[PDB]
Structures are given as structure tokens and as C-alpha cells.
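Here is the structure we will look at.
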Amino acid sequence: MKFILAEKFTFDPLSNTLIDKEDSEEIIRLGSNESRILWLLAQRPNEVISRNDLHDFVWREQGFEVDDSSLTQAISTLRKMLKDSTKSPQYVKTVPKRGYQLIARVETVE
DNA sequence: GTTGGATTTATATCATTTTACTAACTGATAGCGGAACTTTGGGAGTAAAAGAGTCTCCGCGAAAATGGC
Numbered sequence: 000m001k002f003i004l005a006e007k008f009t010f011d012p013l014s015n016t017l018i019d020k021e022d023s024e025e026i027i028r029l030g031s032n033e034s035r036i037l038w039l040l041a042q043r044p045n046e047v048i049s050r051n052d053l054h055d056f057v058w059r060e061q062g063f064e065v066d067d068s069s070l071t072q073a074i075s076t077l078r079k080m081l082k083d084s085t086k087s088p089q090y091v092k093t094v095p096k097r098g099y100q101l102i103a104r105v106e107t108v109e
């Protein structure tokens with residue numbers, strides 16, 4: 000289960016690797032939390048997801064107990080690693096009081 | 001012993017909801033003023049001659065302060 004995002008990135012959650020079409024050799028390392036965040040965004044391409052849903056699905060599976068702002072820190076790190084401008088979002092959008100959005104094109108190879 | 005990622009605090013910027021202050025419409029209602037009309041209010045007048053008041057009541061006594069001589 001590997002994804003293509005916005006016709007530019009290749010995302011591997013089983014290996015938590017991010018690959019660029021511009022930089023195929025360069026594979027960037029994303030933490031578990033960011034990988035699970037993007038994985039749920041891909042599992043629901045462009046339908047609005049809820050902050051409780053993300054905190055649950057990410058940290059209820061591993062039994063971790065963290066505060067709500069940890070989700071905000073995870074999204075901030077994902078934004079800095081995706082080189083996505085928060086002012087003009089192209090990959091991840093913040094829908095206030097509803098959660099987040101994956102506006103980029105998502106394709107499922109296999 | 002350690003150290004670095006992450007899992008929280010720290011500070012700032014952005015978005016959403018509400019407040020503060022506009023205007024326009026709607027609908028009425030009261031108040032004031034004028035014109036007309038009906039009612040009220042004051043005044044003048046009456047040409048046989050007619051030419052002196054009541055007024056019932058009037059079942060009180062003892063003492064003192066007043067004129068009048």
C-alpha cells in the first residue's frame with residue numbers, strides 16, 4: 000500500500016518513507032505519528048477528518064496517552080517536512096473546529 | 001551516564017463570533033393649528049297703571065361690666 004500525493008510524492012507507510020519525483024534518490028524519514036496522520040488523510044482523500052478522530056486512530060492503536068496539542072505539533076512537523084506553506088496550503092489544510100484536510104491528489108497503485 | 005526525539009509548555013498569528021454604530025423601511029399615534037359650525041353667555045328692552053317690611057317668636061338664670069343720673 001503505497002500512495003502518490005499531488006503527482007509529486009510517493010508515500011510508503013509500511014516503511015514510513017517519503018520520496019520525491021524531483022528527488023527519487025532522496026528518501027526522507029518521517030516519524031510514526033506523521034506517517035499515521037498522512038495515512039488517514041490518504042485513506043479518506045478530501046473528506047474532512049476530525050481532530051478527535053486523528054488523535055484516536057493514531058494513539059489509541061498503540062495505547063499512547065498524549066495531550067491534544069501533540070496533534071498540532073505532529074501536523075506542524077509534517078508541514079515543515081512536506082514544504083507546504085501554511086499561509087497557502089497545497090497538501091494539508093486546517094479546517095477550524097472540524098479538523099484537517101488532504102487537498103492534494105491521492106492515488107492508490109496496489 | 002547519556003542524548004536526542006518526542007512530548008509536552010510558550011509565544012504569536014490567524015479566523016470566527018460577537019459587539020458597537022449606521023441607515024432604511026413600517027406603522028402608528030399623539031399633538032397642534034386652522035376652518036366651519038353649533039352652542040352658550042351677556043346685554044338691551046318691554047308705554048292701562050300698577051306708587052310704605054318683615055316676623056315668627058315670646059318656657060334662661062346669676063353675676064359682672066358697662067353707661068346715665
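To convert, note that position 42 of the first sequence is 41 in my numbering; the numbers rise steadily by one, no gaps.
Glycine included, C-beta positions come from ideal geometry on N, C-alpha and C.
**OP:** On a CA-only basis, which of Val108, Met0, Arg28, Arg78 is nearest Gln100? Give me that one, please.
**Re:** Minimum Cα-Cα distance from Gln100 among the listed residues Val108, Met0, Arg28, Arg78 corresponds to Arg78.
**OP:** Find out if the Cβ-Cβ distance for the pair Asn15, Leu29 is shorter than 7 Å.
**Re:** Result yes, Cβ atoms of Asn15 and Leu29 sit closer than 7 Å.
Original post:
Which one or two residues does DSSP pair with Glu106 in a beta bridge?
Top reply: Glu106 pairs with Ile3.
Original post:
Leaving out the 5 sequence neighbours to the left and right, which residues in its chain are closer than 7 Å to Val47 when beta-carbon positions are compared?
Top reply: The residues are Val94, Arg97, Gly98, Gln100.
Subject >> Local conformation of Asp52 per DSSP, three classes >> reply: Here DSSP, grouped into helix, strand and coil, assigns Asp52 to helix.
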